[PDB]
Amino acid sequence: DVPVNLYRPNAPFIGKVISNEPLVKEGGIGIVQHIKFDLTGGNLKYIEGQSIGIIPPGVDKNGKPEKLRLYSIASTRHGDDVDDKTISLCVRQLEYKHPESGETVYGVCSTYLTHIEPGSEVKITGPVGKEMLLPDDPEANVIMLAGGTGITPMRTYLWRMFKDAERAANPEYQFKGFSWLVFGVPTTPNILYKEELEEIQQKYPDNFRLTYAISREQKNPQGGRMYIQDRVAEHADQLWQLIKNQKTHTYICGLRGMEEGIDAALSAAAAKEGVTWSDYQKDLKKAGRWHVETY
């Protein structure tokens, strides 16, 4: 039932860029773009939580063709316009320096994508992934722990759950459970999709809780910068209590290295009731209720 590999690297779908808009506001760190592609002329279908591959042009330092890079799909199955004609991505331009080259180094595929112009043709593969799927159960609870671009699959879940147009398009999925997003970024202008996320919380105060971890603007109880792990520790008992519900699903997404702190916080909470989190977590993963996609 779940669509998978409708297009493969050897014969990708050639999509066209419709729009490329900035998500980081003035005063923010880095570049993160929302890119929408036209799918007409192909049969690429997908669902929330999946990813697609993008094959950038050119050759690598060895003269070998560049391979695909995976990107979490940022749009619901219907696309941002709820017309079943497009697909969107949330791409951060990767950049670093010295440790690997002269000075500032720019990632190949991410730079290609963040600077791509509307009208351009792009090689797309997929969709792929069954690790970050949303339950069909309208009464499920959904915990979302996201850092930076990790917000991407969360957007697909939240839009499907709370956008007026989505609710009208999905008769069978009228969400009535509880969703809690803990989103970590360095600054307020770096809060990707800030306006829409806050709009959802205002309309559904009883079904959606929004918690921020802004490192350059907030300090944790220890005096250090505020990160997602700090917010999880702050609400460890509550999160653990929600996780105990048989219908609760948890999703973690973003750059690797965020899982350790999250586990330490939940472990301390579960231990108070004689439960070893690492073991409970293994069962949750086996049951398909603990979803992780870090990179």
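The first residue of the sequence shown is number 1, and the count goes up from there.
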Per the PDB entry, mean CA B-factor is higher for 219-227 or 181-189, namely for 219-227
Taking the mean of the C-alpha B-factors per stretch from the entry, tell me the winner out of 265-273 and 31-39. 265-273
Highest recorded C-alpha temperature factor, please, choosing from 160, 85, 176, 92. 176
Max C-alpha B-factor within the set 140, 143, 151, 124 falls on 140
Relative to the other modelled residues of the same chain, rank the CA B-factor of residue 235 and answer lowest, middle or highest third. middle
Using only modelled residues of the chain, where does the Cα B factor of residue 194 rank: lowest third, middle third or highest third? middle
Compared with the other modelled residues in the chain, in which third is the CA B-factor of residue 203? highest
Split the chain's modelled residues into thirds by Cα B-factor; is residue 135 in the lowest, middle or highest one? highest
Just say lowest, middle or highest third for the CA B-factor of residue 209 relative to the other modelled residues in its chain. middle
